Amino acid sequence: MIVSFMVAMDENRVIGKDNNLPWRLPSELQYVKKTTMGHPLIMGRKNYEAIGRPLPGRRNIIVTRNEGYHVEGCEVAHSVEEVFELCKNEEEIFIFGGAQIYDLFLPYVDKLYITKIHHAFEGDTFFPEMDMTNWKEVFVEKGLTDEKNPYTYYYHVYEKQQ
């Protein structure tokens, strides 16, 4: 099964602020809906509270070690091992994030979905960095800059095929 990371970040790798994210970019959330639809999202508790509801069309799966955590509309996994058990029959998995969630699935990733916003915000969680020792660009693009969406980001994708 394909473990794909799905991430938007600063030019300084910031992905988050207090708990809620640094920006607010409707069109970005579009690309995300699009590429993700019909696939499981694996996220941590704190990432889900930011979102604040289940994302329609996708098995939302939350990752806590806590044996008594439940939210409606979402599955809970208390392990990386469980995540693969729930997604046994699954084509592709999207690690939706929380930095610590990315750290968990680092030994398993085979595909990366990075958005790079050029502008630097105030906040404190970061994307766990990885490979100029790989991987392979497989796609680039620019996105909508508007009155809402005001920043030059680039939709990226990579593939570790080794």
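All residue numbers are counted from 1 along the displayed sequence. C-alpha atoms forming the largest set that superposes within 1.5 Å between two forms make up the rigid core.
- For the pair 114-122 and 26-34, rigid core superposition yields a higher RMS C-alpha distance in 5 other deposited structures of this protein in 26-34.
- Note on 147-155 and 13-21: with rigid core alignment, C-alpha atoms in 5 other deposited structures of this protein sit farther from this form for 13-21.
- Between 140-148 and 10-18, the higher mean Cα B-factor belongs to 140-148.
- Highest C-alpha temperature factor among 36, 60, 64, 133, as the PDB entry reports it: 133.
- Among the modelled residues of its chain, residue 52 has a C-alpha B-factor that falls in the middle third according to the deposited record.
- When all modelled residues of the chain are sorted by CA temperature factor, residue 103 is found within the lowest third.
- Residue 120: CA B factor lies in the highest third for its chain, per the PDB record.
- For residue 97, the recorded CA B-factor ranks within the lowest third of the chain. Only modelled residues enter the ranking.
- Residue 40 sits in the lowest third of its chain by CA B factor, as recorded in the PDB entry.
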